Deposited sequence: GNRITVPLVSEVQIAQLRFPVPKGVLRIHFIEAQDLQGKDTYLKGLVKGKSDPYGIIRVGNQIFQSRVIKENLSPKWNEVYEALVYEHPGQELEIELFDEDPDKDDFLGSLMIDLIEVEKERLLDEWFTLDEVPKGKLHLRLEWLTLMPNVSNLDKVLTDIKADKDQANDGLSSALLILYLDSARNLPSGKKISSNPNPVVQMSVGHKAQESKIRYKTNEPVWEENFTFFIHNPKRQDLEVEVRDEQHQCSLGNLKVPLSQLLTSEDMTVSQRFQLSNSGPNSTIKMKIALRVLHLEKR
């Protein structure tokens, strides 16, 4: 299974001098526009807010994208005017990631291509995955923890044993805080195998819990659940634990096997 080469934190700050594409009164009066941006990294897509009637938009939004050692992967950005029909094009940008890794931290205005005018203000942070916990304390403080992610949670769903029944069709749902993802379904078995990998962004591992619920997908019935304070990982080697876990609201011998690893996101120079 692929593992991330790092995390790219994208500050979608502002743009200036964009192309006005709206016109009042049958096109007599030249007007401004309603800019917003579409940001792409690999399969990950991000959409900024629409700011109305302004060619120097200030979004101050921030997105977090996973980056792997895959070929030539790039940061793609397109700006549009929100119109009631087809949104008019306000310019585009293409940044080489392998270049961004090299610089670690950028703060620059970029001139949009394929438009007569327009500039975009970005601050890019290349965060690497740290296996030791040595810098968590510093990363939490820089974020100003009192939000964006201070860590990643990478977890492996191996299998479960001896689940309650008649037989069920087991599926697992994991949700660190509000982010939630689901495994695939196994059918008519009390011994499911998934061998699936999942990744979650983490604001603060000292506060957040991983919640795991096993369900029978056919029927509303629950098959057990599990809470794992991520803090417990903080005291494990390479912030990774691998064991069988007891399920609650389940059988007495019902368990779930996982590998769970934490990585602190760090900007170095």
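Missing residue ranges, deposited sequence indexing starting at 1: Missing CA coords at 1-18, 165-170, 190-194, 299.
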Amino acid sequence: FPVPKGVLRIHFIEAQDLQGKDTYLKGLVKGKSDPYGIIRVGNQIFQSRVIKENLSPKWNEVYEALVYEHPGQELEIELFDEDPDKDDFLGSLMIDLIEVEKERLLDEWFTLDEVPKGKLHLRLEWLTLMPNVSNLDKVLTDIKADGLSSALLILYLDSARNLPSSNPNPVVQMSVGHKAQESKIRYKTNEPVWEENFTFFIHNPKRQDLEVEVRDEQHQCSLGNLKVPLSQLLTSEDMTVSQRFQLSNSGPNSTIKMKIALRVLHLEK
From here on, numbers count along this sequence of modelled residues.
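When the C-alpha temperature factors are averaged for each of 209-217 and 40-48, which stretch ends up with the higher value in the entry? Taking the mean B-factor of the alpha carbons in each, 209-217 is higher.
Per the entry, higher mean C-alpha B factor between 67-75 and 82-90: It is 67-75.
Among the modelled residues of its chain, does the C-alpha B-factor of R244 lie in the lowest, middle or highest third? It falls in the middle third of the chain.
Based on the deposited C-alpha B factors for this chain, I'd like to know if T189 is in the lowest, middle or highest third. Answer is highest: the recorded C-alpha B-factor places it there.
C-alpha B factor of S150, ranked within the chain: lowest, middle or highest third? Its C-alpha B-factor, which the entry lists for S150, ranks in the middle third among residues of this chain.
Position of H266 among the chain's modelled residues by C-alpha B-factor, lowest, middle or highest third: Middle third.
By the record's CA B-factor, is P35 among the lowest, middle or highest third of residues in the chain? Lowest third of the chain for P35's C-alpha B-factor.
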